[PDB]
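Shown here: target.cif, mmCIF, C-alpha atoms and all ligand atoms; chains and numbers go by the auth columns.
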```cif
data_input
loop_
_atom_site.group_PDB
_atom_site.id
_atom_site.type_symbol
_atom_site.label_atom_id
_atom_site.label_comp_id
_atom_site.label_asym_id
_atom_site.label_seq_id
_atom_site.Cartn_x
_atom_site.Cartn_y
_atom_site.Cartn_z
_atom_site.B_iso_or_equiv
_atom_site.auth_seq_id
_atom_site.auth_asym_id
ATOM 1 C CA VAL A 1 98.910 24.626 101.582 0.00 1 A
ATOM 2 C CA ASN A 2 97.452 21.156 102.085 0.00 2 A
ATOM 3 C CA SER A 3 93.989 19.733 102.928 0.00 3 A
ATOM 4 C CA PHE A 4 94.636 18.444 106.474 0.00 4 A
ATOM 5 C CA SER A 5 92.117 20.137 108.791 0.00 5 A
ATOM 6 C CA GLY A 6 91.773 20.601 112.482 0.00 6 A
ATOM 7 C CA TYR A 7 95.329 19.681 113.484 0.00 7 A
ATOM 8 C CA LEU A 8 97.232 21.162 116.400 0.00 8 A
ATOM 9 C CA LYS A 9 100.727 22.281 115.380 0.00 9 A
ATOM 10 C CA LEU A 10 103.399 20.794 117.643 0.00 10 A
ATOM 11 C CA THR A 11 106.538 21.924 115.832 0.00 11 A
ATOM 12 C CA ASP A 12 107.635 23.333 112.483 0.00 12 A
ATOM 13 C CA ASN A 13 106.778 20.020 110.790 0.00 13 A
ATOM 14 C CA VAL A 14 104.680 17.863 113.170 0.00 14 A
ATOM 15 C CA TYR A 15 100.906 18.187 113.582 0.00 15 A
ATOM 16 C CA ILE A 16 98.500 16.102 115.706 0.00 16 A
ATOM 17 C CA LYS A 17 94.752 15.427 115.852 0.00 17 A
ATOM 18 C CA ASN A 18 92.279 13.178 117.608 0.00 18 A
ATOM 19 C CA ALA A 19 91.023 11.213 114.616 0.00 19 A
ATOM 20 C CA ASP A 20 90.417 7.757 113.209 0.00 20 A
ATOM 21 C CA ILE A 21 93.200 7.345 110.638 0.00 21 A
ATOM 22 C CA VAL A 22 90.847 5.326 108.408 0.00 22 A
ATOM 23 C CA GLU A 23 88.264 8.113 108.320 0.00 23 A
ATOM 24 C CA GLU A 24 90.957 10.743 107.948 0.00 24 A
ATOM 25 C CA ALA A 25 92.506 8.814 105.125 0.00 25 A
ATOM 26 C CA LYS A 26 89.181 8.383 103.295 0.00 26 A
ATOM 27 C CA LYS A 27 88.446 12.123 103.527 0.00 27 A
ATOM 28 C CA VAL A 28 91.841 13.504 102.832 0.00 28 A
ATOM 29 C CA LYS A 29 93.109 10.910 100.220 0.00 29 A
ATOM 30 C CA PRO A 30 96.641 11.779 101.243 0.00 30 A
ATOM 31 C CA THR A 31 99.577 10.950 99.021 0.00 31 A
ATOM 32 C CA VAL A 32 100.920 8.675 101.798 0.00 32 A
ATOM 33 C CA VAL A 33 99.185 6.933 104.694 0.00 33 A
ATOM 34 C CA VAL A 34 101.463 5.084 107.114 0.00 34 A
ATOM 35 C CA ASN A 35 100.492 1.624 108.312 0.00 35 A
ATOM 36 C CA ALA A 36 101.656 0.242 111.648 0.00 36 A
ATOM 37 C CA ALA A 37 102.889 -2.949 109.999 0.00 37 A
ATOM 38 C CA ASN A 38 104.634 -6.073 111.219 0.00 38 A
ATOM 39 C CA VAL A 39 107.427 -7.820 109.344 0.00 39 A
ATOM 40 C CA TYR A 40 105.036 -10.341 107.767 0.00 40 A
ATOM 41 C CA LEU A 41 102.549 -7.664 106.656 0.00 41 A
ATOM 42 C CA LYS A 42 99.841 -9.655 108.470 0.00 42 A
ATOM 43 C CA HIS A 43 97.277 -6.890 109.024 0.00 43 A
ATOM 44 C CA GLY A 44 95.256 -8.496 111.775 0.00 44 A
ATOM 45 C CA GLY A 45 94.516 -5.801 114.319 0.00 45 A
ATOM 46 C CA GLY A 46 95.303 -2.357 115.574 0.00 46 A
ATOM 47 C CA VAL A 47 95.830 0.274 112.911 0.00 47 A
ATOM 48 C CA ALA A 48 96.809 -2.357 110.334 0.00 48 A
ATOM 49 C CA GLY A 49 93.682 -4.424 110.836 0.00 49 A
ATOM 50 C CA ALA A 50 91.549 -1.290 110.563 0.00 50 A
ATOM 51 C CA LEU A 51 93.268 -0.011 107.407 0.00 51 A
ATOM 52 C CA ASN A 52 93.071 -3.452 105.789 0.00 52 A
ATOM 53 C CA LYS A 53 89.377 -3.852 106.666 0.00 53 A
ATOM 54 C CA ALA A 54 88.669 -0.467 105.059 0.00 54 A
ATOM 55 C CA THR A 55 90.267 -1.774 101.809 0.00 55 A
ATOM 56 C CA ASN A 56 87.978 -4.845 101.834 0.00 56 A
ATOM 57 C CA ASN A 57 91.126 -7.026 102.338 0.00 57 A
ATOM 58 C CA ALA A 58 92.818 -5.752 99.148 0.00 58 A
ATOM 59 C CA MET A 59 95.727 -4.496 101.267 0.00 59 A
ATOM 60 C CA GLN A 60 96.243 -8.028 102.642 0.00 60 A
ATOM 61 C CA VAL A 61 96.067 -9.627 99.179 0.00 61 A
ATOM 62 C CA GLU A 62 98.684 -7.196 97.846 0.00 62 A
ATOM 63 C CA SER A 63 100.822 -7.685 100.958 0.00 63 A
ATOM 64 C CA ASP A 64 100.793 -11.484 100.672 0.00 64 A
ATOM 65 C CA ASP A 65 102.133 -11.218 97.117 0.00 65 A
ATOM 66 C CA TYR A 66 104.812 -8.757 98.319 0.00 66 A
ATOM 67 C CA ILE A 67 105.981 -11.174 101.038 0.00 67 A
ATOM 68 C CA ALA A 68 105.912 -14.189 98.724 0.00 68 A
ATOM 69 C CA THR A 69 108.284 -12.307 96.388 0.00 69 A
ATOM 70 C CA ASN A 70 110.511 -10.407 98.835 0.00 70 A
ATOM 71 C CA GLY A 71 110.304 -12.111 102.227 0.00 71 A
ATOM 72 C CA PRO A 72 109.682 -10.293 105.508 0.00 72 A
ATOM 73 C CA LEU A 73 110.573 -6.712 106.270 0.00 73 A
ATOM 74 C CA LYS A 74 113.133 -5.775 108.925 0.00 74 A
ATOM 75 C CA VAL A 75 112.043 -4.356 112.271 0.00 75 A
ATOM 76 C CA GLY A 76 112.671 -0.644 111.705 0.00 76 A
ATOM 77 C CA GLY A 77 112.119 -1.043 107.950 0.00 77 A
ATOM 78 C CA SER A 78 109.377 -0.243 105.489 0.00 78 A
ATOM 79 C CA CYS A 79 107.951 -0.788 102.043 0.00 79 A
ATOM 80 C CA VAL A 80 105.750 1.313 99.765 0.00 80 A
ATOM 81 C CA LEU A 81 102.609 -0.392 98.462 0.00 81 A
ATOM 82 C CA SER A 82 99.290 0.818 97.118 0.00 82 A
ATOM 83 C CA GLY A 83 97.053 3.046 99.222 0.00 83 A
ATOM 84 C CA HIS A 84 93.994 1.385 97.645 0.00 84 A
ATOM 85 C CA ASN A 85 90.858 3.463 98.358 0.00 85 A
ATOM 86 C CA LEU A 86 92.528 5.298 101.266 0.00 86 A
ATOM 87 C CA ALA A 87 95.575 7.114 99.798 0.00 87 A
ATOM 88 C CA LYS A 88 97.843 7.071 96.713 0.00 88 A
ATOM 89 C CA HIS A 89 100.406 5.016 98.610 0.00 89 A
ATOM 90 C CA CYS A 90 100.666 3.135 101.874 0.00 90 A
ATOM 91 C CA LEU A 91 104.035 3.234 103.616 0.00 91 A
ATOM 92 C CA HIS A 92 104.098 0.056 105.723 0.00 92 A
ATOM 93 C CA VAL A 93 106.497 0.802 108.599 0.00 93 A
ATOM 94 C CA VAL A 94 107.563 -1.761 111.210 0.00 94 A
ATOM 95 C CA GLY A 95 108.086 -0.256 114.613 0.00 95 A
ATOM 96 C CA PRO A 96 109.387 -2.514 117.379 0.00 96 A
ATOM 97 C CA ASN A 97 106.699 -4.517 119.180 0.00 97 A
ATOM 98 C CA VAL A 98 107.432 -4.387 122.910 0.00 98 A
ATOM 99 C CA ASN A 99 105.082 -7.338 123.399 0.00 99 A
ATOM 100 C CA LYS A 100 107.589 -9.337 121.301 0.00 100 A
ATOM 101 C CA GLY A 101 110.661 -8.048 123.166 0.00 101 A
ATOM 102 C CA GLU A 102 111.992 -5.936 120.294 0.00 102 A
ATOM 103 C CA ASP A 103 114.541 -3.200 120.954 0.00 103 A
ATOM 104 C CA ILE A 104 112.862 0.178 121.456 0.00 104 A
ATOM 105 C CA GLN A 105 115.908 1.938 119.956 0.00 105 A
ATOM 106 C CA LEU A 106 114.665 0.650 116.528 0.00 106 A
ATOM 107 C CA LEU A 107 111.806 3.120 116.926 0.00 107 A
ATOM 108 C CA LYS A 108 114.079 5.901 115.648 0.00 108 A
ATOM 109 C CA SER A 109 115.045 3.793 112.612 0.00 109 A
ATOM 110 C CA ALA A 110 111.340 3.169 111.963 0.00 110 A
ATOM 111 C CA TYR A 111 110.538 6.898 111.965 0.00 111 A
ATOM 112 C CA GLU A 112 113.486 7.620 109.631 0.00 112 A
ATOM 113 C CA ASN A 113 111.452 5.973 106.853 0.00 113 A
ATOM 114 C CA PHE A 114 109.058 8.938 107.007 0.00 114 A
ATOM 115 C CA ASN A 115 111.831 11.274 105.758 0.00 115 A
ATOM 116 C CA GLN A 116 111.588 9.722 102.281 0.00 116 A
ATOM 117 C CA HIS A 117 108.132 11.340 101.868 0.00 117 A
ATOM 118 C CA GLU A 118 107.409 15.065 101.860 0.00 118 A
ATOM 119 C CA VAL A 119 103.982 14.756 103.564 0.00 119 A
ATOM 120 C CA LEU A 120 102.393 11.818 105.441 0.00 120 A
ATOM 121 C CA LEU A 121 99.334 10.888 107.470 0.00 121 A
ATOM 122 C CA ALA A 122 100.548 8.567 110.200 0.00 122 A
ATOM 123 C CA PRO A 123 99.824 6.864 113.510 0.00 123 A
ATOM 124 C CA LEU A 124 102.274 6.912 116.371 0.00 124 A
ATOM 125 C CA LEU A 125 104.669 4.057 115.663 0.00 125 A
ATOM 126 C CA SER A 126 104.890 1.252 118.220 0.00 126 A
ATOM 127 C CA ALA A 127 101.844 2.635 120.115 0.00 127 A
ATOM 128 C CA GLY A 128 98.623 0.731 120.764 0.00 128 A
ATOM 129 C CA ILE A 129 98.991 -3.044 120.572 0.00 129 A
ATOM 130 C CA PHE A 130 102.726 -2.676 119.828 0.00 130 A
ATOM 131 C CA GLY A 131 103.165 -1.862 123.515 0.00 131 A
ATOM 132 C CA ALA A 132 105.404 1.217 123.556 0.00 132 A
ATOM 133 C CA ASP A 133 104.711 4.413 125.508 0.00 133 A
ATOM 134 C CA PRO A 134 102.947 6.786 123.058 0.00 134 A
ATOM 135 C CA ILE A 135 104.501 9.829 124.767 0.00 135 A
ATOM 136 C CA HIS A 136 107.948 8.375 123.983 0.00 136 A
ATOM 137 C CA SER A 137 106.848 7.565 120.446 0.00 137 A
ATOM 138 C CA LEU A 138 105.752 11.178 119.938 0.00 138 A
ATOM 139 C CA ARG A 139 109.102 12.465 121.237 0.00 139 A
ATOM 140 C CA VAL A 140 111.050 10.189 118.865 0.00 140 A
ATOM 141 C CA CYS A 141 108.793 11.266 115.996 0.00 141 A
ATOM 142 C CA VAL A 142 109.422 14.970 116.639 0.00 142 A
ATOM 143 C CA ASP A 143 113.175 14.414 117.047 0.00 143 A
ATOM 144 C CA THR A 144 113.516 12.186 113.939 0.00 144 A
ATOM 145 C CA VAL A 145 111.015 13.159 111.236 0.00 145 A
ATOM 146 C CA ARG A 146 111.913 16.294 109.271 0.00 146 A
ATOM 147 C CA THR A 147 109.186 16.032 106.625 0.00 147 A
ATOM 148 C CA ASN A 148 105.606 17.128 107.260 0.00 148 A
ATOM 149 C CA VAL A 149 103.756 14.567 109.361 0.00 149 A
ATOM 150 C CA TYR A 150 100.089 14.645 110.376 0.00 150 A
ATOM 151 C CA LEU A 151 99.576 12.308 113.337 0.00 151 A
ATOM 152 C CA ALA A 152 96.139 10.748 113.883 0.00 152 A
ATOM 153 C CA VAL A 153 95.494 9.558 117.444 0.00 153 A
ATOM 154 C CA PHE A 154 92.366 7.425 117.772 0.00 154 A
ATOM 155 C CA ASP A 155 91.891 7.679 121.545 0.00 155 A
ATOM 156 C CA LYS A 156 90.674 11.087 122.732 0.00 156 A
ATOM 157 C CA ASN A 157 91.985 10.518 126.258 0.00 157 A
ATOM 158 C CA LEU A 158 95.450 9.657 124.920 0.00 158 A
ATOM 159 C CA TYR A 159 95.481 12.666 122.629 0.00 159 A
ATOM 160 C CA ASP A 160 94.753 15.086 125.485 0.00 160 A
ATOM 161 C CA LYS A 161 97.561 13.489 127.384 0.00 161 A
ATOM 162 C CA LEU A 162 99.953 13.739 124.427 0.00 162 A
ATOM 163 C CA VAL A 163 99.189 17.429 123.900 0.00 163 A
ATOM 164 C CA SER A 164 99.198 18.371 127.576 0.00 164 A
ATOM 165 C CA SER A 165 102.546 16.645 128.248 0.00 165 A
ATOM 166 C CA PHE A 166 104.433 17.809 125.165 0.00 166 A
ATOM 167 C CA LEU A 167 107.677 19.688 125.725 0.00 167 A
HETATM 168 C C1 LIG B . 97.661 3.377 117.246 0.00 201 B
HETATM 169 N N1 LIG B . 96.220 3.276 117.144 0.00 201 B
HETATM 170 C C2 LIG B . 95.435 2.577 118.144 0.00 201 B
HETATM 171 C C3 LIG B . 95.704 3.012 119.577 0.00 201 B
HETATM 172 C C4 LIG B . 95.854 2.024 120.536 0.00 201 B
HETATM 173 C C5 LIG B . 96.092 2.394 121.852 0.00 201 B
HETATM 174 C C6 LIG B . 96.153 3.751 122.154 0.00 201 B
HETATM 175 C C7 LIG B . 95.979 4.675 121.135 0.00 201 B
HETATM 176 N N2 LIG B . 95.760 4.292 119.893 0.00 201 B
HETATM 177 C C8 LIG B . 95.501 4.002 116.131 0.00 201 B
HETATM 178 N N3 LIG B . 95.977 5.193 115.819 0.00 201 B
HETATM 179 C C9 LIG B . 95.399 5.997 114.954 0.00 201 B
HETATM 180 N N4 LIG B . 94.299 5.641 114.344 0.00 201 B
HETATM 181 C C10 LIG B . 93.728 4.446 114.593 0.00 201 B
HETATM 182 N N5 LIG B . 92.611 3.893 114.087 0.00 201 B
HETATM 183 C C11 LIG B . 92.429 2.667 114.628 0.00 201 B
HETATM 184 C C12 LIG B . 91.393 1.742 114.389 0.00 201 B
HETATM 185 C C13 LIG B . 91.380 0.530 115.056 0.00 201 B
HETATM 186 F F1 LIG B . 90.384 -0.372 114.830 0.00 201 B
HETATM 187 C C14 LIG B . 92.396 0.229 115.961 0.00 201 B
HETATM 188 C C15 LIG B . 93.420 1.142 116.206 0.00 201 B
HETATM 189 C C16 LIG B . 93.436 2.385 115.528 0.00 201 B
HETATM 190 C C17 LIG B . 94.295 3.577 115.496 0.00 201 B
#
```
If you convert what's in this file into structure tokens, what do you get?
Amino acid sequence: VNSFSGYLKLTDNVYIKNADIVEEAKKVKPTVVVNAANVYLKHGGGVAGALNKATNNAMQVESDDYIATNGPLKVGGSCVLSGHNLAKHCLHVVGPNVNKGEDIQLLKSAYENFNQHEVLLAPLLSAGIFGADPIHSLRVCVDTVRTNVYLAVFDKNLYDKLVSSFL
């Protein structure tokens, strides 16, 4: 039993809700919140900008030190950093950005990072300003993640479409 509330169950291990991931993170305090990161951990907009703003820029400060030490992530890769006031940990995952021409096949590799964590609160990778089709992202999620994932979808219209079109 966990504290996630109001989710629709899609499969054995995938759940979905219309929610603001920032507000869901602050209420749940999950062990892991997933950020929709880029390779530079520059949290300027989309989910990343919202999560970083909610940490009063502490996420960005920590991320800049991470990059100065380790260099950029790989597209499809991830790193674990602090969850600050939102979660125990933040798993920064880099899905391909279609608006940069990155290979959509890397979306599966991106979701594989979720399997290293038993339970996660996450957005749909490569959705929003990353330019992928969220229906495809949901399909890859369901077909790749085996651990328990709670997907927060900000846009109510999109959510209804994701639920209604799910196979
Ligand atoms: C993937 N996105 C955004 C998105 C874009 C297009 C269609 C659907 N969703 C999110 N997903 C879950 N929670 C979110 N909180 C957000 C707060 C923001 F200020 C900006 C973005 C998000 C956000």
**Message:** Can you pull out every residue with an atom within 9 Å of ligand LIG 201 (chain B)? Use all atoms listed in the file and format it as a ChimeraX atom specification.
**Reply:** /A:18-24,36,45-51,53,122-131,134,151-159
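Counting only C-alpha atoms and comparing A:66, A:114, A:166, A:4, the residue that lies closest to residue A:17 is A:4.
Among A:167, A:39, A:16, A:25, the residue with the shortest atom-to-atom distance to residue A:67, counting all atoms listed in the file, is A:39.
Minimum atom-to-atom distances from A:34, A:87, A:81, A:162 to residue A:135 were compared using all atoms listed in the file, and the lowest value belongs to A:162.
The residue that comes closest to residue A:73, out of A:60, A:38, A:52, A:85 and on the basis of all atoms listed in the file, is A:38.
We find atom CA of residue A:100 and atom CA of residue A:78 to be spaced 18.3 Å apart.
Residue nearest residue A:76 within the list A:8, A:37, A:119, A:132: A:37 [criterion: smallest interatomic distance, all atoms listed in the file].
Shortest atom-to-atom contact with residue A:58 among A:138, A:86, A:145, A:28: A:86, counting only C-alpha atoms.
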Can you list, as a PDB file with C-alpha atoms, in the frame of the given file, the residues that the PyMOL selection byres (((chain A and resi 147) around 7) and not hetatm) selects here?
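out-v6.pdb written:
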```
ATOM      1  CA  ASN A  13     106.778  20.020 110.790  1.00  0.00           C
ATOM      2  CA  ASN A 115     111.831  11.274 105.758  1.00  0.00           C
ATOM      3  CA  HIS A 117     108.132  11.340 101.868  1.00  0.00           C
ATOM      4  CA  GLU A 118     107.409  15.065 101.860  1.00  0.00           C
ATOM      5  CA  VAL A 119     103.982  14.756 103.564  1.00  0.00           C
ATOM      6  CA  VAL A 145     111.015  13.159 111.236  1.00  0.00           C
ATOM      7  CA  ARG A 146     111.913  16.294 109.271  1.00  0.00           C
ATOM      8  CA  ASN A 148     105.606  17.128 107.260  1.00  0.00           C
ATOM      9  CA  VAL A 149     103.756  14.567 109.361  1.00  0.00           C
TER      10      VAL A 149
END
```
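The space between atom CA of residue A:105 and atom CA of residue A:80 spans 22.6 Å.
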**Message:** So that I can see what lies close to residue A:89, please list as a list in words the residues with an atom at most 7 Å from it, counting only C-alpha atoms and leaving out residues fewer than 6 positions away in the same chain.
**Reply:** residues 31, 32, 33, 80, 81, 82 and 83 of chain A
Those residues you just picked out, can you put them in a file as a PDB file, keeping the file's coordinate frame with C-alpha atoms?
```
ATOM      1  CA  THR A  31      99.577  10.950  99.021  1.00  0.00           C
ATOM      2  CA  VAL A  32     100.920   8.675 101.798  1.00  0.00           C
ATOM      3  CA  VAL A  33      99.185   6.933 104.694  1.00  0.00           C
ATOM      4  CA  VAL A  80     105.750   1.313  99.765  1.00  0.00           C
ATOM      5  CA  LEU A  81     102.609  -0.392  98.462  1.00  0.00           C
ATOM      6  CA  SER A  82      99.290   0.818  97.118  1.00  0.00           C
ATOM      7  CA  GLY A  83      97.053   3.046  99.222  1.00  0.00           C
TER       8      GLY A  83
END
```
**Item:** Separation of atom CA of residue A:150 from atom CA of residue A:3 in Å
**Value:** 10.9 Å
